[PDB]
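There is one chain below, alone, in structure tokens, taken in the form deposited in one PDB entry.
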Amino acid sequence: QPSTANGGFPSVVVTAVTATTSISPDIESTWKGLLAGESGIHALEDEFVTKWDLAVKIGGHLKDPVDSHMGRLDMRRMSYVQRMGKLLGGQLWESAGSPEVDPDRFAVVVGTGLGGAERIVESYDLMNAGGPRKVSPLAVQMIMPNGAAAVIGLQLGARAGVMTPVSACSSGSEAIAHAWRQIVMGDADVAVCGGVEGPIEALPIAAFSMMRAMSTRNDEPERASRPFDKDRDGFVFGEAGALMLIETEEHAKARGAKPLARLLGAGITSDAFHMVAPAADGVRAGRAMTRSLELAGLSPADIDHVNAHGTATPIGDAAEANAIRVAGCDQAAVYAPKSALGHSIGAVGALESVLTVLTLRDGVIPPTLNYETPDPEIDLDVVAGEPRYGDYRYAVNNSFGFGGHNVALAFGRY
């Protein structure tokens, strides 16, 4: 059956990446900080933590706020994720040399966890106060969850499809998966793909912490996100947004673009087990990893690196450990970037995909922070202490979102 290795699918490569994180607005500066063991998780100086006395007092805001780049009109015309999307879309295109592509062969796939939710309550108040004629004619285009992808496609002139997949923590990775499908199926030759997500606020914290899914180690904020560690106690919020430019290898050579890595395959499965909790056996999540290898043309032996979902919840890490074993990749070097960057829901899958690309390019994996006592039930070779330089040829990025959505992206060194 067709595969990228046997020529069944056209070769797709990553040619540009961009991300804003709790470490830095510059993806290369974030990469450097991760290698130095830096963490973006700190104590929250926000007034809503003292106002509600939240159980969670830790999390990482963006190092460079999005609205510090937004004028009066952008604060008027777009939602937050649309503002983040326009900012990241412009940085990505300039970083790629601002090429002139065929719009009819240019697609955009940007995932998100919720959408323009804050614009719902704004138009909600604007009518309760003054009536229906006080809701802006731009309200519809601000609230629609496809708005971020629509803003990016309109800004860059993408006419081969503008899509927005929704799947909680796997939204960002699934967007890259569908952009890869849009190319190998012949519907496009170049695609901007990634994920955006809103900022940290009181209601997201309350909703997720009521599931006992978040960490409560407020005394040491940098030490709280402990994926695969035995003293973990949930995940930590870490604001992020990431986009990458993918295109066929022949499209990259024709415009003189230096590819950063290869996008080899993508697998999408589902648990059908629980509305928020992952399946303990990790069979379907591991099947997503296997599916990405089949479309790539690889076997579990070729996988040298696994960028794990690793949220640091007790049940999540244990389920992924079984998933990696089911996929036969338990000999690979594992990295859990949420140990330093936290969880950004709809954008984290895209961010960790960029980190996977940077790992293959530089042949180095940053250390998983706070991994000090290995969980006995979780026996995996995770990188810790200091960066591990290695000959990493192929890597798989995992993203298992709430609702049982499993997405695995197979990446290869260029």
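Residue positions are given as counts along the sequence shown, with the first one as 1. Basically, rigid core = biggest C-alpha set you can superpose within 1.5 Å across the two forms.
Comparing 240-248 with 302-310, the higher mean C-alpha B-factor in the PDB entry belongs to 302-310. Note on 81-89 vs 212-220: mean CA B-factor is higher in 212-220. The PDB entry assigns its highest CA temperature factor, among 150, 275, 329, 268, to 329. Ranking 345, 62, 378, 27 by Cα temperature factor from the entry places 378 first. Per-chain ranking of the deposited C-alpha B factor places residue 197 in the lowest third. The PDB entry assigns residue 353 a C-alpha temperature factor belonging to the lowest third of its chain's modelled residues. Sorting the modelled residues of the chain by their CA temperature factor places residue 339 in the middle third.
Compared with the other modelled residues of the chain, the Cα B-factor recorded for residue 176 ranks in the lowest third. Ranked within its chain, residue 15 lands in the middle third, by CA B factor from the PDB record.
Although not depicted, the form deposited in another entry is the subject of the following passage.
Residue shifts between this form and the one not shown, rigid core superposed: of 184, 166, 163, 126, the only C-alpha displaced by 2 Å or more belongs to 126. With the core held fixed, residue 277 shows a CA shift below 2 Å between this form and the one not shown. Core-superposed comparison between this form and the one not shown: CA of residue 117 displaced by less than 2 Å.
Core-superposed comparison between this form and the one not shown: the CA of residue 135 exceeds or equals a 2 Å shift.
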